[PDB]
Amino acid sequence: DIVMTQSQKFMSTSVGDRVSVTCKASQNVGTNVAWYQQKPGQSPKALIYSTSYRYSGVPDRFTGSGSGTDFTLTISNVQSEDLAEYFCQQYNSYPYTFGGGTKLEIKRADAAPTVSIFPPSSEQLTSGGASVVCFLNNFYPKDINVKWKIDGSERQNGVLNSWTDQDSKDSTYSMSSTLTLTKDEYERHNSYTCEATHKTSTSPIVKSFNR
Amino acid sequence: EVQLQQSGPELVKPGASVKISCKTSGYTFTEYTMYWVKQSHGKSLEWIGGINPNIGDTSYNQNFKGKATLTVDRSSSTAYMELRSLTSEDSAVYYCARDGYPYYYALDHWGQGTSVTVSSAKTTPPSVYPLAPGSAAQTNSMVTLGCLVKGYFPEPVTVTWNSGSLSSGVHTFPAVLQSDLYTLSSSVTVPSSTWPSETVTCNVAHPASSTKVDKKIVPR
Amino acid sequence: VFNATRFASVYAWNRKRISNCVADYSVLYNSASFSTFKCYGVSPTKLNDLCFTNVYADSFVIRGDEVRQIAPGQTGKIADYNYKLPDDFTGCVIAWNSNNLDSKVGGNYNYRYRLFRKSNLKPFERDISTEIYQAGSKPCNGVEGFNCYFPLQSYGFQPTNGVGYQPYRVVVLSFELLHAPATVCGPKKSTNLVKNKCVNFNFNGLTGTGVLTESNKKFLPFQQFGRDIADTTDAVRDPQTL
Amino acid sequence: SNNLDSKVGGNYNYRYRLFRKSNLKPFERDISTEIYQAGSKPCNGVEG
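Residues numbered from 1 in each chain as written, not as in the entry; some residues may be left out. Chains lettered and ligands numbered in written order. Part of a larger assembly, values for the part shown. Heavy atoms only, no water.

- For this coordinate set, the PDB header names cryo-EM as the determination method and states a resolution of 3.1 Å.

### Considerations on the sheet that holds strand β11 (residues 167–176) of chain C
Whether parallel or antiparallel, the strands of a sheet pair through hydrogen bonds between backbone atoms.
All names here are of chain C.
And step 1. Strand order in the open sheet formed by 5 strands is β1-β5-β11-β6-β3, with antiparallel pairing between adjacent strands. Of all strands in the sheet, those bounded by a partner on one side alone are β1 (14–18) and β3 (36–39). Taking the axes of each pair of neighbouring strands and ignoring which way they run, one obtains an average angle of 15° across the sheet.
And step 2. Here 4 bridges tie β3 to strand β6 (residues 92–97), and the two strands are oriented antiparallel to one another. Pairing of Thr36 across the sheet is with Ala95, part of β6. (Pairing = 2+ DSSP bridges. Helix = DSSP H or I, 4+ residues; strand = E, 2+ residues; numbered from the N terminus. Axes fitted to C-alpha atoms, helices over the stretch in contact; angles between N-to-C directions.)

### Section: the sheet that holds strand β3 (residues 19–24) of chain A
Residues and elements named next belong to chain A.
And step 1. Spatially, the 4 strands line up as an open sheet ordered β1-β3-β7-β6, and their pairing is antiparallel. Single-partner strands in this sheet number two, and they are β1 (5–6) and β6 (62–65).
And step 2. Note: β3 against strand β7 (residues 71–75), 5 bridges, orientation antiparallel. Within β7, the residue paired with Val21 across the bridge is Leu73.

### Considering the arrangement of the chains
And step 1. Where the 4 pairs of chains in contact are concerned, the greatest contact count is recorded for chains A and B.
And step 2. Regarding chain A and chain D, the two do not touch, and the least distance separating their C-alpha atoms is 41 Å.
And step 3. Spatially, chain B is disjoint from chain D: no contact exists, and the shortest C-alpha separation is 27 Å. (Contact = heavy atoms within 4.5 Å.)

### Here we look at the pattern of salt bridges
And step 1. A full pass over the atoms with the stated rule returns 20 salt bridges over all chains.
And step 2. With a shortest N-O distance of 2.5 Å, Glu82 of chain B and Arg84 of chain B are connected by a salt bridge.
And step 3. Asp231 of chain C serves as the salt-bridge partner of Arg227 of chain C, at 2.7 Å between the closest nitrogen and oxygen. An identical accessibility class is assigned to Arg227 of chain C and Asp231 of chain C; each is exposed. (Salt bridge = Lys/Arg side-chain N within 4 Å of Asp/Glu carboxyl O. Buried < 20%, exposed > 50% of the residue type's maximum accessible area, 1.4 Å probe, protein only.)

### Some details on the UniProt feature "disulfide bond" in chain C
Residues and elements named next belong to chain C.
And step 1. In these coordinates the annotated UniProt disulfide of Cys39 and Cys92 is reproduced, with an SG-SG gap of 2.0 Å that lies under 2.5 Å. Taken together, the residues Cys39 in strand β3 and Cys92 in strand β6 connect sequence positions 53 residues apart.
And step 2. Residue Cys39 is classed as buried on the basis of its relative accessible area of 17%.
And step 3. With a threshold of 2.5 Å on the sulfur distance, the UniProt-listed cystine of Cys140 and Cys148 is realised in this model at 2.0 Å.
And step 4. Overall, the relative accessible area of 7% leaves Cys140 in the buried class. (Disulfide = S-S within 2.5 Å. UniProt positions renumbered as here; feature names shortened; annotations may be inferred.)

### Quick notes on the interface of chain B and chain A
And step 1. At the junction of the two partners, chain B supplies 38 residues and chain A supplies 44 residues.
And step 2. Counting the surface lost from both chain B and chain A, the interface buries some 3,600 Å², and carbon and sulfur atoms represent 60% of this.
And step 3. Three residues, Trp47, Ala106 and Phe173 of chain B, lead the burial of chain B against chain A; their summed loss comes to 15% of the area buried on that side.
And step 4. Linking chain B to chain A there are 1 salt bridge.
And step 5. For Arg220 of chain B, the salt bridge goes to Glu123 of chain A, with nearest N and O atoms at 3.6 Å.
And step 6. On the surface where chain B and chain A come into contact, there are 13 residue pairs in polar contact. (Buried area = accessible area lost by both parts, 1.4 Å probe. Polar contact = N/O pair within 3.5 Å; in protein donor to acceptor, adjacent residues only side chain to side chain.)

### Notes on the domain arrangement of chain B
And step 1. Parsing chain B into structural domains produces domain 1 (3–118) and domain 2 (127–216).
And step 2. Computed from C-alpha atoms alone, the centre-to-centre distance between domain 1 of chain B and domain 2 of chain B is 38 Å. (Domains from an automatic or database assignment.)

### Describing the interface of chain C and chain A
And step 1. Taken residue by residue, the interface counts 4 residues in chain C and 7 residues in chain A.
And step 2. Taken as a group, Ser137, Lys138 and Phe146 of chain C account for 88% of the area that chain C buries against chain A, more than any other trio of residues on that side.
And step 3. Our count for the contact surface shared by chain C and chain A stands at 0 salt bridges.
And step 4. Here chain C and chain A share 1 residue pair in polar contact between them.
And step 5. Broken down by class, the residue content of the side of chain C that touches chain A amounts to 2 nonpolar, 1 polar and 1 charged. (Nonpolar A, V, L, I, M, F, W, Y, C, P; charged D, E, K, R; others polar.)

### Let's talk about the state of the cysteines
Residues and elements named next belong to chain A.
And step 1. Inspection of every chain in the model, using the stated rule, returns 7 disulfides over all chains.
And step 2. Disulfide partner of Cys134: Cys194, at an S-S distance of 2.0 Å. Note on the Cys134 and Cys194 pair: the S-S dihedral is about -90°, so by sign convention the disulfide is left-handed. On the criterion of sequence distance, the pair formed by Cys134 in strand β12 (residues 130–139) and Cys194 in strand β17 (residues 191–197) is long-range, its members being 60 residues apart.

Spelled out as structure tokens, the structure:
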């Protein structure tokens, strides 16, 4: 079937700026393509059909051009309601092949994360297992790499992560790292550190604790 | 007013079958074609098939041929999608649509979405666990706290700090899976002028088990 | 039209123009070989008293349930897509039962109908297209598929069918009253010829009263009657006997 | 008098004549509910 490729997946434009969302097709789709808008959690709504016409209730700033291979959904004056998930569809041959999706973001200044490690409490010590967490709050941009080192040895099993969406007040990210292990494996070593690198510094941000 | 209302979220075991409805009102149900889609978490969208109410012609995707069938009830204007042989890969939301060709459109006009999850676990109440900052003055400017949950089902829980009064920097991270049971954490920023002089607690509640548990953050 | 060998389809409804002749409708009203007979605006037997310019007869075969759709101010698959009628129809409708004539074991495939059309027809419109009917936003490209169907469909005219589903040879008799002269009229009557008696006269284009006798006057082959010095009639040529 | 003589399901009480064997005279009441004949076959008190 048709492979609708979107590149890239992330884009960052501030308010009052021009943004262009593009997606390609594999075969000759013709003219009949579409574009949609999906708020986080809500249902997707339709924006542009047949790459030249809007819908009933959508703003007039959502314009589209292109035919054959390249299609572009250009927005002139973006707003806070423009932050959504945008997809592209085809209507040429069954089955219908949706696109990949592109999420919009707000541009911000560069800020280093404020890392914080929390050792397991005494209620964890009498439960059956242990888990040490490493919070990372208020950083920009989204790219980051956390690395749990156990006395100088990088641990890979049981290292789970959970990123967040962008905060609607300061446009900063947050993420957490959960390292799960058993009792005697926690008291087998003596130190634990939460290495996290970023583009805001050459050397990574170091934090650790003992025992 | 044209309105599409779907069903509620269904918890289902693997291997079973469900029926997802999409009631229709505000337009002529017979002429317009109804589609069905599927959106997995974090990945791209995918199309399943479409059914025509006046005739009954169907054309499913080739990856969903032995997965979903479609039936239309013209006596109540309600369509149905019946999923078969469910596995852990069907943790997705499912929407209903509506074609728009006799109005000079290419419209789909998506509905609400039914969150259908798959698991083999009984509903287990959560167990909160505090986080040690720890003792004092780490750091000297702003100290962060937190409270974990571990082993609960299903989503969601309502994590409120100080019974819903402290909201200056609450970061409830989304839930992940480590042992076929959800877990998450929360991160707050309390200034040094109130901690550890005043009591800052973490209130996690579960609507699926009706259990209210609170744990006070103790400096250790 | 009423006794045609092989009728046409509904979407291919035939029309036969009739004019410049006499039309005896009284034999139809007293034929007793019709399931229904309905005339709008005028009585069926009074048609022999009126004159018209042009008269057409739209013929086709339909199922029994579709018979009510054949009228002004109706709706249906035939009233919209195959043969639509106006709101001011004042012709006539005659129904013959064809369950023993045009029915076929296993359905009659010679007759079809546009079960699907992009939109509605006009009064006395015909659409013999074979374009694949599109219902969805996808293109049919001349072939069928999702929301793409061949619009014309065969009929199930069968001995197994019921009264509402057996075929019915329908004939809608259209009429026209234009500024052009009247060309079709009903049949006129007559009687025997009396003489030597005071009687009234109603000839082809002349009336009056008087006594009528033979004469020795020499009319021309094209002369009908004569007048005297005072422009008063005094003679007449019998139309049925020279 | 749409508020008085009307009726939701249709008023059967107020009726009219549809057929007749001849023309009515001035100020001539007629209440014959006989089945009107139009063809040659007798009616004998039934439509058909």
